[PDB]
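In terms of UniProt numbering, the sequence shown opens at residue 700 and continues consecutively. Down below is the structure, laid out as C-alpha cells.
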Amino acid sequence: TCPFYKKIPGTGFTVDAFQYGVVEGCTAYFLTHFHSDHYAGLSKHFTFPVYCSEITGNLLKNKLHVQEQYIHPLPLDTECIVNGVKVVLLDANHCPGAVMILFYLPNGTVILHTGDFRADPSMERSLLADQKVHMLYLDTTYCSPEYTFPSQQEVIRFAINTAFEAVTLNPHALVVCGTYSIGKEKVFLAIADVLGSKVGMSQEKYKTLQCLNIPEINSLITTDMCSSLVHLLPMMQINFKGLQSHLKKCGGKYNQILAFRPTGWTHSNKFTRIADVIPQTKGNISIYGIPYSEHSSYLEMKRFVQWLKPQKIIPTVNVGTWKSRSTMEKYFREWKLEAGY
Ligand code: NI
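The structure is reproduced here in C-alpha cells:
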C-alpha cells in the first residue's frame, strides 16, 4: 500500500505514487519529474488525472503513451487551483521539467514537497519566502557530511577545456558522453558548442530531447552520427571494449576517443579537486569520470532547511531501513539546535 510519505494530509492528493494500483481516496496524482523510479507503474493504461509541468507532460504523452485526456500540465511560478486547493509548481534545479510543489491546505497549513532537487540560494528569493512552511517532504539522497561536490559550473568549465584541447591536438578525435535518462544535458551541449558541432544520438534519445522545450534545439542535435563530432551512448557502453567497438562502427572517420562518464558521487570526492582530475587510458581511448550532480550536497541541503525552518521534516529517500531513518533524524535535530527553530 501507498506509504504515508507520498500522501498530502487533508486532501485527496498523492505525489509520485503510481506503482500501487488504485490508491483509495486519491482524486489527483502529481508527478514531480520524468525519472522511472518516480513514474513507475504509469503507462497508456492509466485513467486518472495526472498533474505535472509542461515538459513532464510532453514526455508522458510521447514516451509513455499516456492518453492526452488525463494529462493536466501546469505553468511554473503561478498560483493555480486543483480540485478546490491552491498550489504552486517551482523549478527543482534537478532534470528538465522537474518541480517542487507548494500546497496551501484549507486549514492554513503550508506544505513543501521538494521532489528530487539540488538546493540553491536562488530558492531563498522565490514565492517560498512570502510565508511560513510548516511541513517539508525532503529529498534526502545525500544527507550525510561526506557528500561534497563541485558546482555544476566548475565541472562544465573543466569538460569544455578538456575537450577543446584534445580535438585541437587531434582533429580526427571523437568525443563521447554517456547517458541513461533525462538530466545532465548541459554536459554534452557545452562540449558541442565549444567544438562547433551538433550532438549525434540514436532515434529514441533524439525523440526524448525533442520534448524538452530547449530553445534552438533543432540547431543543436541530430540523428546523423556521421556529420557530428560529439556522440551520446548509453552509460553501459562507456568502457574500453564498448568504445573500441563503437569506433569500428564509425567507418574510420575517427582514430581516437575521449569519453565522459557523468556520475553521482563515488568515494574519490573526499581528496581530489576538479582541477586534479586525470583520465583512465588504454591505447587511443581515454575515459574521464566527472561528478556532475543534480541532487543537493550535504551543505546545500543543510543551508536550505536552516533558512526554511520547517516545524516537521518528512524524508523521501533512503527511508527503507531504520538505521538510515535514525541517522537522518540525528542530523535534522543538530540543524534545528544550531539555527534556533
Ligand atoms: Ni530524479
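The beta carbon of each residue, even a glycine, is placed where N, CA and C say it ideally should be.
Check, Outcome
"Close-in-space but distant-in-sequence residues of the same chain around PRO978 (CB under 7 Å, 5 per side omitted)", "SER985, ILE986 and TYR987"
"Candidates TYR719, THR731 and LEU763, of which the one nearest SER752 by Cα", "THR731"
"Secondary structure of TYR953, DSSP reduced to three states", "coil"
"Separation of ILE770 from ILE800, as counted between CA atoms", "17 Å"
"Inter-residue Cα distance where the pair is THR777 and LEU826", "9 Å"
"Three-state secondary structure (DSSP) of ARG1024", "helix"
"Range of the contiguous alpha helix (DSSP H) that encloses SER735", "735-738"
"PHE857 - DSSP class collapsed to helix/strand/coil", "helix"
"Cβ-heavy atom distance, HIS812 to the ligand NI, below 8 Å", "no"
"Bridge-paired residues (DSSP) for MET799", "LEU789"
"Closest by C-alpha distance to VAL893, when choosing among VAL874, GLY882 and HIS812", "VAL874"
"Neighbour-count burial assignment, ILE956, 16 or more Cβ in a 10 Å radius", "buried"
"Candidates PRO820, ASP838, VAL765 and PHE729: closest to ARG1024 by CA position", "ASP838"
"Distance CB(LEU775)-CB(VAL781) smaller than 9 Å", "no"
"Proximity below 9 Å, CB of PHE747 to CB of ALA727", "yes"
"Enclosing beta strand (DSSP E) for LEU741 [first to last residue]", "Here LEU741 belongs to no beta strand (DSSP E), and DSSP marks it neither H nor E."
"Beta bridge counterpart(s) of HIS812 as assigned by DSSP", "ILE800 and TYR836"
"Distance between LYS883 and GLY724 (C-alpha atoms, nearest Å)", "37 Å"
"Member of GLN768, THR808, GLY963 and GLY982 whose CA lies at the smallest distance from the CA of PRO849", "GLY963"
"Rounded Cβ spacing between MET834 and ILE855 (contact assumed at less than 8 Å)", "So it is not a contact: roughly 35 Å between Cβ atoms."
"Residue interval of the beta strand (DSSP E) (run including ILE890)", "Not the beta strand (DSSP E): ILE890 falls in the alpha helix (DSSP H), residues 884-893."
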